[PDB]
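Letter by letter, the sequence shown follows residues 1 to 98 of the deposited numbering.
We put the beta carbon where it would ideally sit given N, CA and C, even for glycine.
Note sheet for the following structure.
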Amino acid sequence: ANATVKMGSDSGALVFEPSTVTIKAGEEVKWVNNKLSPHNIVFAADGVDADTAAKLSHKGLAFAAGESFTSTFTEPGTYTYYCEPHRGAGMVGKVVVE
Numbered sequence: 001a002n003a004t005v006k007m008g009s010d011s012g013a014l015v016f017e018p019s020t021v022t023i024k025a026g027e028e029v030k031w032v033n034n035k036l037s038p039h040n041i042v043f044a045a046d047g048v049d050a051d052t053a054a055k056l057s058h059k060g061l062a063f064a065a066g067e068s069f070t071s072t073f074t075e076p077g078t079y080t081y082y083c084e085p086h087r088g089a090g091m092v093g094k095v096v097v098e
């Protein structure tokens, strides 16, 4: 049920809080920009859902504290996402929607 997440943990670590979450089919995740900017949110397209309507873009960007992008999904299963410029540093995660 209706989630939110903060990109850039309160400790200044390049991770989104929560970096793993559980909502059910049709609920959302309304993530915001909070630390060691910039930040990004791109999903992997794990099944048949339009991750391309639940992610920023492999070029979208959150550079100022408080910026945001929102995502809403309904294909029962779990889908992966990450931050392009921080992928290799650990700014990667997995959402669940059922």
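Assign residue i to one of two classes, buried (16 or more other C-beta atoms within 10 Å of its C-beta) or exposed (fewer than that).
| i | result |
| --- | --- |
| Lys59 | exposed |
| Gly88 | exposed |
| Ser71 | buried |
| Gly66 | exposed |
| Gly8 | buried |
| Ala54 | buried |
| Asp10 | exposed |
With DSSP run on the structure shown, which of helix, strand or coil describes residue i?
| i | result |
| --- | --- |
| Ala62 | strand |
| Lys6 | strand |
| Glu28 | strand |
| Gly93 | strand |
| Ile23 | strand |
| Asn33 | strand |
| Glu98 | coil |
Near residue i, which residues of its chain fall below 6 Å by C-beta distance, leaving aside the five closest residues on each side in sequence?
| i | result |
| --- | --- |
| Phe63 | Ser37, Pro38 |
| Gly26 | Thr74 |
| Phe69 | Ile41, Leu56 |
| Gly12 | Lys35, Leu36 |
| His86 | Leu14 |
Report, in whole angstroms, the separation of the C-beta atoms of residue i and residue j, which I expect to be a contact under 8 Å.
| i | j | result |
| --- | --- | --- |
| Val97 | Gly77 | 7 Å |
| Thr80 | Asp49 | Incorrect: roughly 12 Å between the Cβ atoms, too far for contact. |
| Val32 | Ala3 | Going by Cβ atoms, the distance from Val32 to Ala3 rounds to 12 Å, so no, they are not a contact pair. |
Among residues of its own chain, excluding the 5 on either side of residue i, which ones have a beta-carbon nearer than 7 Å to its beta-carbon?
| i | result |
| --- | --- |
| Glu84 | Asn40, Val42, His58 |
| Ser19 | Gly93 |
Apart from the five residues just before and just after residue i, which ones in its own chain have a Cβ nearer than 8 Å to its Cβ?
| i | result |
| --- | --- |
| residue 120 | Residue coverage of the chain in this structure runs from 1 to 98, which leaves residue 120 outside it and unanswerable. |
Unbroken stretches of the beta strand (DSSP E), 3 residues or longer, contained in the stretch 44–89: 78–82
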